[PDB]
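Accompanying notes for the structure given below.
Naming: A, B, ... by sequence-line order, numbering from 1 per chain.
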Amino acid sequence: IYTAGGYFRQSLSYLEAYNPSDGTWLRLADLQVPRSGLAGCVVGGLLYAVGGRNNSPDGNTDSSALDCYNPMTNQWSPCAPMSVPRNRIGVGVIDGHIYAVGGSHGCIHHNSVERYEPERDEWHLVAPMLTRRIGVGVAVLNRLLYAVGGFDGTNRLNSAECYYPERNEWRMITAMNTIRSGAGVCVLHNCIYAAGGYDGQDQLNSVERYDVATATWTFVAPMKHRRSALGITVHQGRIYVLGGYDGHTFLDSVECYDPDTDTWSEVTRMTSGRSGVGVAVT
Amino acid sequence: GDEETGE
């Protein structure tokens, strides 16, 4: 479990790895620009950091950057930047290709989406979403791209839509039961999970999951601690959520979801509390 | 600086 970037009074350069077996934290090479509100993913075994923002005492620069971490070089390397800066981006990987979804640049909330090819180092625009979405959760299932929740600049969203690559088109699907911006969104086997987030009034601990075969969202066991802007990933068939903000403190808590008994429990404590991280596994 | 992310 690798977490990159994040926010704790300023955007951070931390790259750290958590081990669910031995429970100890590995501290690794720093990002070559601090970022929060970024997304992380893995392609070809290399970890990509996508978008985000450097919120510092001397600036607040939205990031168009794409950069590559190699787990046995302990080295970061820059890749081609995106069309636009995307703070609070979501990403998903189809066929080893990078889809960058939504996010913001200043007051502009993107509905734009663009595709990166790792072995060509190229971005190009695809069809935009039906909705402008920042803090969108993104997941991939059955070679389809799902954009879930988010914020359009005015309303926070329970809607979700689906991208079909070979038709270049977005399809609205059944909305979530809960409005969520900055939730953790991932696949645990074959339910698209949406955990936590912010509905414009409170940070959430509720978790719900989408069943494609019935096009139904159903609620499962909620987290122990409400959290928004959390990282999320699935390891060994279990879901891990990392940090976030609960309206009062930047959480270092990390929770595990065991799907077969449907319970959450405290697994570990991050080295420092933070929100807005990028998380991925390799 | 906002309730969703803490920033």
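Between A/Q203 and A/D246, the side chains place no donor N or O within less than 3.5 Å of an acceptor N or O (distance only, hydrogens not considered). A donor-acceptor pair shorter than 3.5 Å can be found between the side chains of A/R133 and A/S159. Using modelled atom types, one finds a donor on one side chain and an acceptor on the other under 3.5 Å when comparing A/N60 with A/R53. A donor atom on one side chain and an acceptor atom on the other are not found under 3.5 Å apart for A/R86 and A/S63. No side-chain N or O of A/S265 forms a donor-acceptor pair with one of A/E255 less than 3.5 Å apart. For the residue pair B/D2/B/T5, the side-chain donor-acceptor check at 3.5 Å is satisfied. Under 3.5 Å, the side chains of A/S181 and B/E4 contain a donor-acceptor pair of N or O atoms. For the residue pair A/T271 / A/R274, a side-chain donor-acceptor distance below 3.5 Å is found, with atom types taken as modelled. With no hydrogens or angles considered, a side-chain donor-acceptor pair links A/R209 and A/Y193 at under 3.5 Å.
Side chain of A/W25 to backbone of A/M270: no donor-acceptor contact under 3.5 angstrom is found. Looking at A/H189, its side chain never comes within 3.5 Å of a backbone N or O of A/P259 through a donor-acceptor pair. For A/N142 (side chain) and A/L144 (main-chain N/O), no donor-acceptor pair under 3.5 Å exists by modelled atom type. Looking at A/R115, its side chain never comes within 3.5 Å of a backbone N or O of A/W123 through a donor-acceptor pair. With hydrogens and angles disregarded, a donor-acceptor distance shorter than 3.5 Å links the side chain of A/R227 to the backbone of A/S253.
The pair A/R88-B/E7 fails the salt-bridge criterion, with no side-chain N (NZ, NE, NH1 or NH2) lying under 4.0 Å from an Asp/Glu carboxylate O. A salt bridge links A/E208 and A/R180; the closest N-O separation between the charged side-chain nitrogens and carboxylate oxygens is under 4.0 Å. Ion pair A/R35/A/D62 not flagged as a salt bridge, since none of the NZ, NE, NH1 or NH2 atoms sits closer than 4.0 Å to an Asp/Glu carboxylate oxygen.
No chain of hydrophobic side-chain contacts below 4.5 Å, direct or via other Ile, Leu, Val, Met, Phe, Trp or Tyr residues, connects A/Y99 to A/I134. Cluster annotation: A/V101 and A/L125 are assigned to distinct hydrophobic clusters (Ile/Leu/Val/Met/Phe/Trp/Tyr, side-chain heavy-atom contacts under 4.5 Å, transitive). Each of A/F219 and A/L204 belongs to its own hydrophobic cluster when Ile, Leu, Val, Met, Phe, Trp and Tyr are linked at side-chain heavy-atom distances under 4.5 angstrom. A/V185 and A/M176 fall within the same hydrophobic cluster, defined by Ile, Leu, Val, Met, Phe, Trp and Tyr side-chain heavy atoms under 4.5 Å apart, directly or through other members. A/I179 and A/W217 are members of different hydrophobic clusters when ILVMFWY side chains are connected at heavy-atom separations under 4.5 Å.
Here A/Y198 sits alone; no ILVMFWY side chain lies under 4.5 Å from its own, so it joins no hydrophobic cluster.
Cation-pi check for A/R27 over A/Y14 is met; the charged atom lies under 6.0 angstrom from the ring centroid and within 45 degrees of its normal.
For the side chain to side chain donor-acceptor pair (under 3.5 Å) test, no residue two or more places apart in sequence or in another chain qualifies with A/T174. With sequence neighbours excluded, the residues that form a ring pair (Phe, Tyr, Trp, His ring centres under 6.0 Å) with A/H109 are A/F151.
We find the SG-CD1 distance between A/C186 and A/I232 to be 4.0 Å, quoted to the nearest 0.5 Å.
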